[PDB]
Amino acid sequence: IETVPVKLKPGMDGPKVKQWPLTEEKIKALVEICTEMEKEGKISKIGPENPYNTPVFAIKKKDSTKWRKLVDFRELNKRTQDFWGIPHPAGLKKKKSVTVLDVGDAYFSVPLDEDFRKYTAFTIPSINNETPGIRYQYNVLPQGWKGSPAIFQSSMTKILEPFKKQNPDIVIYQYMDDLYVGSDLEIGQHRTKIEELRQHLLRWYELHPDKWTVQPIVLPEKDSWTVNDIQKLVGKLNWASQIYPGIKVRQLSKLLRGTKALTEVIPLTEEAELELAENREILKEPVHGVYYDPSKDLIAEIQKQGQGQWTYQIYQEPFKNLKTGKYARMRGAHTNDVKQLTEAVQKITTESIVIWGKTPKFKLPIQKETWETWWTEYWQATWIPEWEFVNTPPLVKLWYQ
Amino acid sequence: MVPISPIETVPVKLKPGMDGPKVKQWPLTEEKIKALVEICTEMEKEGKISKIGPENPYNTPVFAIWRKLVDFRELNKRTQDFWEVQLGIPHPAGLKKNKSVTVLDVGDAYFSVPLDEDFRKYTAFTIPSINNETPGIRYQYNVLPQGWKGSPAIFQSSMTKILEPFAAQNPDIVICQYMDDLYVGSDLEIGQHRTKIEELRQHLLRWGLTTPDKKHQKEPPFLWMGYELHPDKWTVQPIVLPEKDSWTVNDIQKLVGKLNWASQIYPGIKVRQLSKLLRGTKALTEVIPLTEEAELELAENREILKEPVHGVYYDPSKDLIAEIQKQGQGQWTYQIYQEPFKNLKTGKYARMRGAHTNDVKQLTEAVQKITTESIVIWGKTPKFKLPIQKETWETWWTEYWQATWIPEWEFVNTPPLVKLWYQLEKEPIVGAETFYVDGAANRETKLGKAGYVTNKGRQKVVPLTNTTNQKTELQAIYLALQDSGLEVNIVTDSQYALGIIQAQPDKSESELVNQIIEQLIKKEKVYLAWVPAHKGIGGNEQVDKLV
Ligand SMILES: *CCC(=O)N(C)c1cc(Oc2ccccc2OCCn2ccc(=O)[nH]c2=O)c(C)c2cc(C#N)ccc12
């Protein structure tokens, strides 16, 4: 009911980002949505004196046919002054189950600082560049802007005070327009509790982190090894020696002496079996000196393994993985690589939000033009992370398979 | 007098920390001064400008060419940024055919849009006095000045806000603003069309804006931005390729400009060989001879451009189809249409700068470009006709290490077809000879060696001059491919060669890579395995090639 002064970082002007082209159905959807919002005073038309711009598109969330308006506030978010903070709940990832709730509508009940409004300008584009586009700016806290959860944090505390006082065993975290509610109850009790919390918030996504663990490096167990098997094993052990210090390959490399056919079976000497067993024991231990630094970026790498399987690693320093995983879920994307990749990016970003409370920087195994052409077609999340593209095939792919 | 509705003014500011312009007025001749006095007296009588006192410290130079021309470049430098009047040029193929298209001249409205009063003081200008014996006449603008930075945007936005209700309550017409002209199209009967035109003239007159009753100068065919717009079709303005005995740099740049421009409706235009001559020149007057490839390409272009070709307008009730053909040397051509033999438009795509490439990647990129262009022009993705088999694409995207996707498409049998030229095995080949390869080079003398040893006792080492480590590794793989049967296993330690081959190129800048590609094409089965170097892996002989 009272506006809090907001400004940008010193020396930085507002965002000026080109609006990318949109299909006719997304444009019409945005026209309906924005007309309804203008009737409710959430946004207002602006004139040519506003030079700023932030891209906009439209999506369709899970289990819903209604179009939703998605604003790409990444540039404005990095250009907005830092708000202050609350330490991340390290127990949220340790909980048995977590549920994500979209609380974005609440942001629309708080007015936005007048002098800042011009920085939220966006454009509904026209087909074939016939007009300069329908230009709007926000009058209330917009969805996707980093200042919205910071400004609403007091009100959110006031609304969640009775529920948090009633259930001290339930962990509640907030990131952007999402509310993460973790507990240890049964799925039915968790769903009834989620309906209880949503009806509690009304009058004012099943996720199980306990079923997720870090993935160790495993080596094959065989009764007969070919030359090729031993060569691949030596390669993988040499790669792992960058992570684990005491890895030793010389006794296994001794078996490869001579020019033999790749398919020829080679029996393991006793020294080779002992070396392999020592390597197994070394790989069963965690990596030495692995810590998280909140001042550093999180880097997420993804490898396409084929047959709908994807691997990923989250780290800050090379060979110091903070998280590893394997997303093989198949959900209506059996024939589309890009949809699978987009869903994998969204899941990894969610896991990173739960663990560290921020989004990672992705390295995507895809050409820039393909990804930038198609990723908005399958995006369903409120937030958007940063990404770069790798054009050279990494050799370590099969070592994560 | 009928009351005139006021046009809402746009608040304008200067750039932060800056001040208004202060430029010294040039001395003018007596006749020019008299001319500017008459013109400015007329404009003051009309209300475009007003006289001001000595308190205004700002000034902008004025000229006469009479005609008054105020040079606002300094005030433009000091004026805030505005939203663009246009985010792009409309394309004729996106227009939807109309039974009637009428043109209205709203130029007189340009001078009826008021300027923000707090900003008017920055537009001050001074007419010099005769013999400079009296103080010059001081004026300031009350309306949007021609040449000021914000005039087109503020004018377009004002006109848009004016036209918004009229367009909203007449959804059976189309109104488009372009500069000081309005274009109204409709499929209504000509009488109802002219009627609604009169209604528009009245609605505009309610803001005091006057549209001329005189028969307009613009009429079919419309000549606009190098285009001809006809009632039922569109094309480019006539493209004439000049006959030159010798071609200079500007001749060839004009030729590639004409060919690029013509390629949007004339199918099959090629610019590769003619563009190859302008490489790293940076000399506008330099005269470059023509290669024979440039002559053949130019002849094909003259054959394509011999007679006029037209594109049709867009019909949203029909499907959108885009067909692609490979032309060779990284060139691709495409046609976008809704009916066979009647193109909406055409175009071309050239491969990006790269060391290695293959046809499938290029076809993919061209598909993405056509998709983006089509979403721009028509707001939807077209159905594609591609010269590639379904099984080829499925093998490719299922085995490719990168994620890739092409939208809905169908195979069209139009040679040359895009195909995969080799596929490496997933497992070692039983019964095939195993070649352990290696190569090495001296960094100073540039002397190297490349060779192999095999499980059957076959061996080879070749000495090389003017070489590097990477070249000797590739050369080693090449020697293994040369001297092996139709099925072969190959063991290397070169992460460089594996990085290249795993990218699956069918063409390269390096002749060595191309030779390896030819050898791979000739084989039946190839398994390529990698091992760490200097790890004592027998067979992998670093000492044999380091001698
Ligand atoms: C605002 C005008 C504009 O941006 N552009 C590119 C533009 C369009 C145009 O054509 C139309 C204008 C209004 C309604 C409909 C159309 O075209 C529909 C297709 N069509 C074209 C021409 C014709 O005779 N019939 C027809 O059905 C025109 C004509 C122009 C003209 C000029 C000029 N000079 C500049 C921009 C135009």
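Only the coordinates and a few stated rules stand behind these numbers; no lab work does. Reconstructed Cβ throughout: ideal geometry from the backbone, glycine too, with neighbour counts over all protein chains shown.
Counting other C-beta atoms within 10 Å, which of A:253, A:295 has the fewest, and how do the rest follow? Don't jump to the answer; show the numbers that get you there.
Working: A:253 24, A:295 5.
Taking fewest neighbouring Cβ atoms as first place, the list is A:295, A:253.
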Under the helix-only model (-39500 (n - 2.57) for each DSSP H run of 4 or more, divided by the residues of chain A), the mean residue ellipticity at 222 nm, to 500 deg cm²/dmol, is -9000 deg cm²/dmol
Residue A:305 neighbourhood, Cβ < 10 Å, K/R = +1, D/E = -1, net charge +3
Most exposed first, judged by fewest Cβ atoms within 10 angstrom, A:156, B:225, B:159 run B:225, A:156, B:159
Rounded to whole angstrom, the alpha-carbon centroid of segment A:124-198 lies from that of segment B:221-237 at a distance of 53
In nanometres, the difference between 0.36 nm per residue of separation and the alpha-carbon distance of residue A:75 and residue A:24 is 15.8 nm
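Taking the Cβ of residue B:296 as the center, what net charge do the other residues with Cβ under 15 Å away carry, scoring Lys and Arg +1 and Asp and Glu -1? All intermediate terms of the calculation are to be shown ahead of the outcome.
On the way: positive: B:270, B:272, B:276, B:302; negative: B:292, B:293, B:295, B:297, B:300, B:303.
Taking every other residue near residue B:296 into account, the sum is -2.
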Note: probe point = Cα of residue A:224 + 7 Å toward Cβ; backbone nitrogen < 19 Å; residues of segment B:418-434 passing the test are B:427-432
Within the under-11-Å Cβ sphere about residue B:189, not counting residue B:189, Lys/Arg +1 and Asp/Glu -1 give a net charge of +2
Placing each pseudo-label 7 Å from Cα in the direction of the beta carbon, residue B:534 and residue B:225 end up separated by a distance in nanometres of 6.0
Note: residue B:108 to residue B:80 extended length (0.36 nm per residue) minus current alpha-carbon separation gives 7.5 nm
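Of the GluC sites (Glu not before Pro) in segment B:249-329, which ones lie in a loop per DSSP and count no more than 10 other C-beta atoms within 10 Å?
Details: sites: B:286, B:292, B:293, B:295, B:297, B:300, B:303, B:323; in loops: B:286.
The qualifying sites: there are none.
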FRET efficiency (residue A:277, residue B:470; Cβ distance; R0 45 Å; to 0.05) is 0.75
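If you take the beta carbon distance between residue A:265 and residue A:4 as r and set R0 to 60 Å, what does 1/(1 + (r/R0)^6) give as a FRET efficiency, to the nearest 0.05?
Once rounded, the FRET efficiency stands at 0.25.
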For segment A:389-401, in residue order, the Karplus 3J(HN,Hα) values (coefficients 6.51, -1.76, 1.60; θ = phi - 60°; whole Hz; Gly and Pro = x) are 10, 10, 9, 10, x, x, 6, 6, 3, 5, 7, 9, 9
The Cα extents of the protein assembly as shown along the principal axes, largest first and rounded to whole Å, are 110, 90, 62
Rounded to one decimal in nm, the spacing of the 7 Å Cα→Cβ label points at residue A:257 and residue A:195 is 7.3
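DSSP loop trypsin sites (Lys or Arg not before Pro) in segment B:398-480 with at most 12 other Cβ atoms within 10 Å of their Cβ, which ones? Please report the intermediate quantities before stating the final value.
Numbers: sites: B:419, B:426, B:443, B:446, B:449, B:456, B:458, B:460, B:471; in loops: B:419, B:426, B:443, B:446, B:456, B:458.
Hits after loop and neighbour filter: B:426, B:443, B:456.
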FRET efficiency (residue B:295, residue B:183; Cβ distance; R0 60 Å; to 0.05) is 0.85
Within segment B:86-147, DSSP-loop trypsin sites (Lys or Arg not before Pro) with at most 13 other C-beta atoms within 10 Å are B:99
Computed ³J(HN,Hα) along segment B:76-84: with the Karplus parameters 6.51/-1.76/1.60, θ = phi - 60°, integer Hz and x for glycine or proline, the list is 4, 4, 9, 7, 4, 6, 10, 5, 4
Given the candidates A:241, A:259, A:176, the one whose Cα lies deepest towards the positive end of the charge dipole of segment A:157-298, counting +1 at each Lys or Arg C-beta and -1 at each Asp or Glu C-beta, is A:176
If every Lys and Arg gets +1 and every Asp and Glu gets -1 at its Cβ, then about the Cα centre segment A:201-312 yields a dipole, in debye to the nearest 20, of 320
Simple SL model, points at 7 angstrom along Cα→Cβ for residue B:327 and residue B:417; separation in nm is 2.4
Treating only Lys and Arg (+1) and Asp and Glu (-1) as charged, each at its beta carbon, one finds that segment B:315-421 has a dipole about its Cα centre, in Debye to the nearest 20, of 380
To the nearest 20 debye, segment B:221-314 has a Cα-centred charge dipole, built from +1 on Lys and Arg Cβ and -1 on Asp and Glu Cβ, of 340
Note: segment A:267-401 at 10 °C, 1.306 mPa s; Kirkwood Rh on alpha carbon pairs; Stokes-Einstein D in µm²/s works out to 95
Flagged as over-length at 29 Å C-alpha distance, from A:339/B:383; A:95/A:165; A:320/B:446; A:326/B:369; A:95/A:296, the pairs are A:320/B:446; A:326/B:369
Exposure-ranked with fewest Cβ neighbours within 10 Å first, A:57, B:435, A:83 stand as A:83, A:57, B:435
Once the dipole of chain B is set up from charges on Cβ (+1 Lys and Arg, -1 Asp and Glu), the residue from the list B:347, B:268, B:284 lying farthest towards its positive end is B:284
Once residue B:510 and residue B:71 are pulled to full extension, the length gained, defined as 0.36 nm per residue separation minus their Cα-Cα distance, is 152.4 nm
Counting only backbone N atoms under 13 Å from a point 7 Å out along Cα-to-Cβ of residue A:90, the residues of segment A:338-357 in range are A:356
Taking alpha-carbon centroids only, segment A:315-389 lies from segment B:120-139 a number of Å equal to 65
Averaged over all viewing directions, the convex hull of the alpha carbons in chain A casts a projected area in nm² of 24.8
Taking the alpha-carbon centre of each part, the distance from segment B:161-184 to segment B:315-372 in Å is 35
